[PDB]
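Chemist:
2 protein chains.
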Amino acid sequence: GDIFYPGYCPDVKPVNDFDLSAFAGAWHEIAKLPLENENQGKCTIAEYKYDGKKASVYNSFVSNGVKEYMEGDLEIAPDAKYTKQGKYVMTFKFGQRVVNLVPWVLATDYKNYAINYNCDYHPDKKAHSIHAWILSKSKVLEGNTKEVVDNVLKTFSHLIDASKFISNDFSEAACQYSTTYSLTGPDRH
Amino acid sequence: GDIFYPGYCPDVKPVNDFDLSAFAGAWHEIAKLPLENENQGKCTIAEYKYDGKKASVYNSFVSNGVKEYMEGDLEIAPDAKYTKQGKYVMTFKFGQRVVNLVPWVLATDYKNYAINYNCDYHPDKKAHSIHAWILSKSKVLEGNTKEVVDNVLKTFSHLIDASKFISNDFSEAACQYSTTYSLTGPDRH
Ligand SMILES: C=Cc1c(/C=c2\[nH]/c(=C\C3=NC(=O)C(CCC(=O)O)=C3C)c(C=C)c2C)[nH]c(/C=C2\NC(=O)C(CCC(=O)O)=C2C)c1C
Ligand SMILES: C=Cc1c(/C=c2\[nH]/c(=C\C3=NC(=O)C(CCC(=O)O)=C3C)c(C=C)c2C)[nH]c(/C=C2\NC(=O)C(CCC(=O)O)=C2C)c1C
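For the record, the sequence lines run as chains A and B.
First residue of the first sequence? That's 1 in the working numbering, and the numbers climb one at a time after it.
First residue of the second sequence? That's 1 in the working numbering, and the numbers climb one at a time after it.
Following this line, the structure appears as structure tokens:
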């Protein structure tokens, strides 16, 4: 199950001076906090492409030999347009269902790692769930960068319980797929 | 039991431009979050006296006809001296045991109400307990002021669960006492 904690989401401020073009690229999910929709995928990678005017997203993972993917639009969050903070929206369409995902970027050096997060409040439960992802431009978080990440993460110890991260897998095996499948699309729901 | 929530205490900033002389006086505890040491006392009042150089505290409550009290020193918290925020220390001595209590003042209008709080982190439990007190210069929080308090409290909804407050009692009966007893003192532990 996803991780929930009592009460409203805590105050949090994402990264300043966010640079979307610098952020663009293929991000590997080295690890994440449990997230129902993606708990079973492996070799999880999110690829963001930028035009200067337009941004798009290509997300994929592999489940039992199948490569599932999603294609959508990406844009800076309306409020972040004014503050210049790292907050973006990913819009995906499943038939008539439209989804607007909003990851918050707590920190990143743009070339090697990113620490993303979200807080989802359930009023009916008076509790919130927390989601987080350790992202890297390499399939492995390597030694220098590993230390960098760990120290940064530490400054967010009151927002993310590091001990709850779950490592993803990028072995050739894990990433292997015999076939594909688009989760997004007009003939979806 | 006291109220605990998981993780480290959240970020919080107490009232700005704190004025100790204006704060001085007798504060009635209209309500509080459960706090073991004082759960049984009634007619609970904290009285702070200021010289301009020196501040002292006189705390009291009544348990079964007995008026228990504590006498100590009061001073602005070392860090608050620089920031001018509302944070103070109460030092009490029980024999050789010395206690340094630190309430944080979230908000106050000085003449009628104050909203005090604290967060105690237990590393061995990876959780923190939260304490809070609604204080008033009158034995009753009256109508205008009640509305004022409620609206202020609302801005702290992510830090204090209002529904957990417990009302104190200031009836003549409650405050009645046949005898006294000093909890503080040299012949204490
Ligand atoms: C790794 C970077 C990454 C990521 C990756 C990701 N998710 C994926 C999968 C999915 N995302 C989804 O949203 C759904 C469900 C789609 C549906 O509604 O049917 C799936 C299966 C895939 C590959 C397919 C990939 C690469 N997904 C996010 C962000 C998110 N993924 C989320 O589900 C949410 C909302 C969380 C919440 O409910 O509160 C956010 C912010 C980030 C930051
Ligand atoms: C109402 C204002 C008020 C108050 C009142 C108060 N407490 C009292 C009682 C006590 N306070 C104490 O600390 C102890 C235990 C003393 C001991 O260590 O033996 C007792 C019995 C009395 C009357 C006696 C009164 C008026 N006490 C506080 C503040 C506090 N009371 C606390 O116990 C703590 C630490 C909480 C924690 O453990 O994390 C704080 C900040 C405020 C802001």
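From the three backbone atoms N, C-alpha and C, an ideal C-beta is built for every residue, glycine too.
#1: Using a C-beta to C-beta distance shorter than 7 angstroms, which residues of chain A count as neighbours of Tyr8/B?
#2: With 16 as the cutoff for other CB atoms within 10 Å, does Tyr88/B come out buried or exposed?
#3: Less than 8 angstroms between C-beta atoms, sequence neighbours within five positions excluded: which residues of the same chain meet that for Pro103/A?
#4: Going straight from the alpha carbon of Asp51/A to that of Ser60/A, what length do you get?
#5: Going along the chain, which residues of its own chain have a beta-carbon closer than 7 angstroms to the beta-carbon of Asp19/A, five neighbours each way excluded?
#6: So, helix, strand or coil for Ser21/A, using DSSP?
#7: Check whether the Cβ of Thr180/A lies closer than 7 angstroms to any heavy atom of ligand 2, and answer yes or no.
#8: What residues in its chain sit with their C-beta under 8 angstroms from that of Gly7/A, if we drop five residues either side in the sequence?
#9: Does the beta-carbon of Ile166/B have 16 or more other beta-carbons within 10 angstroms, so that it is buried, or is it exposed?
#10: Could you give the distance in angstroms between the alpha-carbon of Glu75/A and the alpha-carbon of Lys81/A?
#11: Specify, as a first and last residue, the run of the beta strand (DSSP E) that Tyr181/B falls within.
#12: In the DSSP assignment, find the beta strand (DSSP E) that holds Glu68/B and state where it starts and stops.
#13: Does at least one heavy atom of ligand 1 sit under 7 angstroms from the Cβ of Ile45/A?
#14: If you measure beta-carbon to beta-carbon, which residues of the segment 10-32 of chain B are closer than 7 angstroms to chain A?
#15: So what's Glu36/A in DSSP terms, helix, strand or just coil?
#16: Can you find a C-beta in chain B that's less than 8 angstroms from the C-beta of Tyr117/A?
#17: Do the CB positions of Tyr181/B and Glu71/B come within less than 8 angstroms of each other?
#18: To which residues does DSSP link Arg97/B through a beta bridge?
#19: Count the other CB atoms within 10 Å of the CB of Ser178/A; is the residue buried (16 or more) or exposed (fewer)?
#20: May I ask which residues mark the beginning and end of the beta strand (DSSP E) holding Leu135/B?
#21: What three-state label does DSSP hand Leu153/B in the structure shown?
#22: Just mark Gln85/A as buried or exposed, buried being the case when its beta carbon has 16 or more other beta carbons within 10 Å.
#23: In the DSSP assignment, the alpha helix (DSSP H) including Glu172/A goes from what residue to what residue?
#24: Measure from the alpha carbon of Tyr58/B to the alpha carbon of each residue in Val15/B, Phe4/B, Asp124/B, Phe92/B, then state which is nearest.
#25: For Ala162/A, which residues in the same chain have their Cβ closer than 6 angstroms to its Cβ, ignoring the five residues on either side in sequence?
#26: Hey, is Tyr5/B's beta-carbon within less than 8 angstroms of any beta-carbon in chain A?
#27: Is it the case that the Cβ atoms of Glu29/B and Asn168/B are separated by a distance below 8 angstroms?
#28: For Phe23/A, is the beta carbon positioned less than 7 angstroms from some heavy atom of ligand 1?
#29: Just to confirm, are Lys49/A and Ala22/A a CB contact at a threshold of 8 angstroms?
#30: Within 10 angstroms of its Cβ, does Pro78/B collect 16 or more other Cβ (buried), or is it exposed?
#31: Kindly indicate which residue of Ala46/A, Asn39/A, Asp73/A, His158/A has the alpha-carbon position closest to the one of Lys54/A.
#32: In whole angstroms, what separates the C-alpha of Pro14/A from that of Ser56/B?
#33: Is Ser167/A a contact residue of ligand 1, with contact defined as CB to any heavy atom under 7 angstroms?
#34: Rounded to whole angstroms, how far is the Cβ of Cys43/B from the Cβ of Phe170/B, which I believe are closer than 8 angstroms?
#35: Below 8 angstroms on the Cβ atoms is my contact criterion, and I expect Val12/B with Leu159/B to pass it. Report the Cβ-Cβ distance as a whole number of Å.
Modeler: On the basis of the coordinates in this document:
#1: In the second sequence, the residue the question calls residue 8/B occupies position 8. Simply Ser157, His158.
#2: Residue mapping note: residue 88/B aligns to position 88 of the second sequence, counting from 1. When all chains shown are included, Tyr88/B counts as buried.
#3: The residue you call residue 103/A lines up with position 103 of the first sequence. The residues are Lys87, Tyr88, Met90, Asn116, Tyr117, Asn118, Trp133.
#4: Start at 1 with the first residue of the first sequence, and residue 51/A comes out as number 51. Start at 1 with the first residue of the first sequence, and residue 60/A comes out as number 60. Near 21 angstroms, if we compare the C-alpha coordinates of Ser60/A and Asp51/A.
#5: For the purposes of this step, residue 19/A is taken as residue 19 along the first sequence, with counting starting at 1. Closer than 7 angstroms at Cβ, skipping near neighbours: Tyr110.
#6: In the first sequence, residue 21/A corresponds to position 21, counting from 1. Note: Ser21/A maps to helix in three-state DSSP.
#7: Position 180 of the first sequence, counted from the first residue, corresponds to residue 180/A. No, Cβ of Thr180/A sits at least 7 angstroms from all heavy atoms of ligand 2.
#8: Against the first sequence, residue 7/A aligns to sequence position 7. Sequence-distant Cβ neighbours of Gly7/A in its own chain, meaning closer than 8 angstroms and more than five residues away, are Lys126, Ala127, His128.
#9: Residue 166/B sits at position 166 when you count from the first residue of the second sequence. Label assigned to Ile166/B: exposed.
#10: Numbered from its first residue, the first sequence carries residue 75/A at position 75. Numbered from its first residue, the first sequence carries residue 81/A at position 81. Distance between the alpha carbons of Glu75/A and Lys81/A: 10 angstroms.
#11: Reading the second sequence from its first residue, position 181 is the one you call residue 181/B. From DSSP, the beta strand (DSSP E) with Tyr181/B extends over 179-182.
#12: In the second sequence, residue 68/B corresponds to position 68, counting from 1. Per DSSP, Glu68/B belongs to the beta strand (DSSP E) from 66-76.
#13: Walking along the first sequence from the start, residue 45/A turns up at place 45. Checking every heavy atom of ligand 1 against the Cβ of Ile45/A, one is found closer than 7 angstroms.
#14: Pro10, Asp11
#15: By 1-based counting over the first sequence, the position of residue 36/A is 36. If DSSP states are grouped into helix, strand and coil, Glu36/A belongs with the helices.
#16: Here residue 117/A refers to the residue found at position 117 of the first sequence. Not one chain B Cβ lies under 8 angstroms of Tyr117/A.
#17: As a position in the second sequence, residue 181/B is number 181, starting the count at 1. As a position in the second sequence, residue 71/B is number 71, starting the count at 1. No, they are not a contact pair.
#18: Here residue 97/B refers to the residue found at position 97 when the second sequence is read from its first residue. Answer is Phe94/B, bridged to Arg97/B.
#19: For the purposes of this step, residue 178/A is identified with residue 178 of the first sequence, where counting begins at 1. With fewer than 16 Cβ atoms within 10 Å of its Cβ, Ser178/A is classed as exposed.
#20: As a first step, residue 135/B must be located in the second sequence, where it is residue number 135. Segment 127-136, the beta strand (DSSP E) holding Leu135/B.
#21: If you number the second sequence from 1, residue 153/B lands on position 153. In this structure, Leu153/B counts as helix in the three-state DSSP scheme.
#22: In the first sequence, the residue the question calls residue 85/A occupies position 85. With 16 or more other CB atoms across the displayed protein chains lying within 10 angstroms of its CB, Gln85/A is buried.
#23: The residue you call residue 172/A lines up with position 172 of the first sequence. Run containing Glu172/A: 172-175, per the alpha helix (DSSP H) assignment.
#24: Residue 58/B sits at position 58 when you count from the first residue of the second sequence. Of the candidates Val15/B, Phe4/B, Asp124/B, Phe92/B, the one whose C-alpha sits nearest the C-alpha of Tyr58/B is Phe92/B.
#25: Indexing the first sequence from 1 puts residue 162/A at position 162. If we look at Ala162/A and ignore the five residues flanking it on each side, its Cβ neighbours are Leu153.
#26: As a working note, residue 5/B is residue 5 in the second sequence. It does; some Cβ of chain A falls within 8 angstroms.
#27: Walking along the second sequence from the start, residue 29/B turns up at place 29. Walking along the second sequence from the start, residue 168/B turns up at place 168. In contact: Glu29/B and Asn168/B (Cβ atoms closer than 8 angstroms).
#28: In the first sequence, the residue the question calls residue 23/A occupies position 23. Incorrect: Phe23/A has no Cβ contact closer than 7 angstroms to ligand 1.
#29: Taking the first residue of the first sequence as position 1, residue 49/A is located at position 49. Taking the first residue of the first sequence as position 1, residue 22/A is located at position 22. Going by C-beta atoms, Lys49/A is not nearer than 8 angstroms to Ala22/A.
#30: Translated into positions along the second sequence, residue 78/B becomes position 78. With fewer than 16 Cβ atoms within 10 Å of its Cβ, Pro78/B is classed as exposed.
#31: Locating residue 54/A in the first sequence gives position 54, where the first residue counts as 1. The candidate whose alpha carbon is nearest that of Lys54/A is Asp73/A.
#32: By one-based count along the first sequence, residue 14/A stands at place 14. By one-based count along the second sequence, residue 56/B stands at place 56. One C-alpha to the other measures close to 43 angstroms.
#33: Counting from one through the first sequence, the residue named residue 167/A turns up at place 167. Checking the Cβ of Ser167/A against ligand 1 gives no.
#34: In the second sequence, counting from the first residue as 1, residue 43/B sits at position 43. In the second sequence, counting from the first residue as 1, residue 170/B sits at position 170. Between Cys43/B and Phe170/B the beta-carbon gap is near 5 angstroms, inside 8 angstroms, which marks them as a contact.
#35: Sequence index remark: in the second sequence, residue 12/B carries index 12 (1-based). Sequence index remark: in the second sequence, residue 159/B carries index 159 (1-based). About 6 angstroms; that satisfies the 8 angstroms criterion.
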